[PDB]
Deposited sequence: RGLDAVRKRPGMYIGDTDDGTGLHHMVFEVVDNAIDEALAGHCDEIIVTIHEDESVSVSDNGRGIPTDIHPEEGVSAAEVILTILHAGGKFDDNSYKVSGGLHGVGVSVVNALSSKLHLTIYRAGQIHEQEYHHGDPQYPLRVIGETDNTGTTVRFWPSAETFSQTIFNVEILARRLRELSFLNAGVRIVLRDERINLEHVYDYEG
């Protein structure tokens, strides 16, 4: 039910003007990667602010399940990204979101626009790795400001590194060629 989110985003992501809601978009995706670390599946998270102002979060966890969900008739990954904070809220309020999954020897991908899948999750190659990459462009129709602040992200990643000592958290800002490694 992502229509309701796109109609009243403040109720799901918080303040869409003061920068708190915008950065909550990144935090929600990072929190999913952190949950993979808490369960003992993930020990590296890479958070990138791209030149195009998009943000990528890569983990080396199990990868979001790709098998069809019987109740929905689509990949589990699509059900997680499209049905109702939940990464589906990030998807709903993103002009574009690109999902890559490394799982069971295969690379899977899906792209969305305002949370609508452009095509069903598809196999695009082979991999010896496991994990999830989410890259998203926050919607300017939802957020009055869309530029991520490296200092706001860094402070939260420092906290998460402290609270999750076994996880190597890499922060990259391509706009200023910054890389910081947080690892307790």
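Several segments of the deposited sequence have no coordinates for C-alpha: 1, 86-104, 205-206, numbered from the first residue.
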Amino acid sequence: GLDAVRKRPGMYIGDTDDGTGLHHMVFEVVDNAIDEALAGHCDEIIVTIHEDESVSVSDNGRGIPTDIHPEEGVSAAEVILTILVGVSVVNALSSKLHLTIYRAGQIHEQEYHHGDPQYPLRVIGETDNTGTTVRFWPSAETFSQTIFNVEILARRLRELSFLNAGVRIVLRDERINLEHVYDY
From here on, numbers count along this sequence of modelled residues.
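The stretch 30-38 shows the higher mean C-alpha B-factor when 51-59 is compared against 30-38 in the entry. In the deposited entry, the Cα temperature factor of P70 sits in the top third of values across the chain's modelled residues.
Ranked by Cα temperature factor within the chain, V85 sits in the highest third according to the deposited record. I101 sits in the lowest third of its chain by CA B factor, as recorded in the PDB entry. Annotation for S144: CA B-factor lies in the highest third of the chain's modelled residues. For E174, the recorded CA temperature factor ranks within the middle third of the chain's modelled residues.
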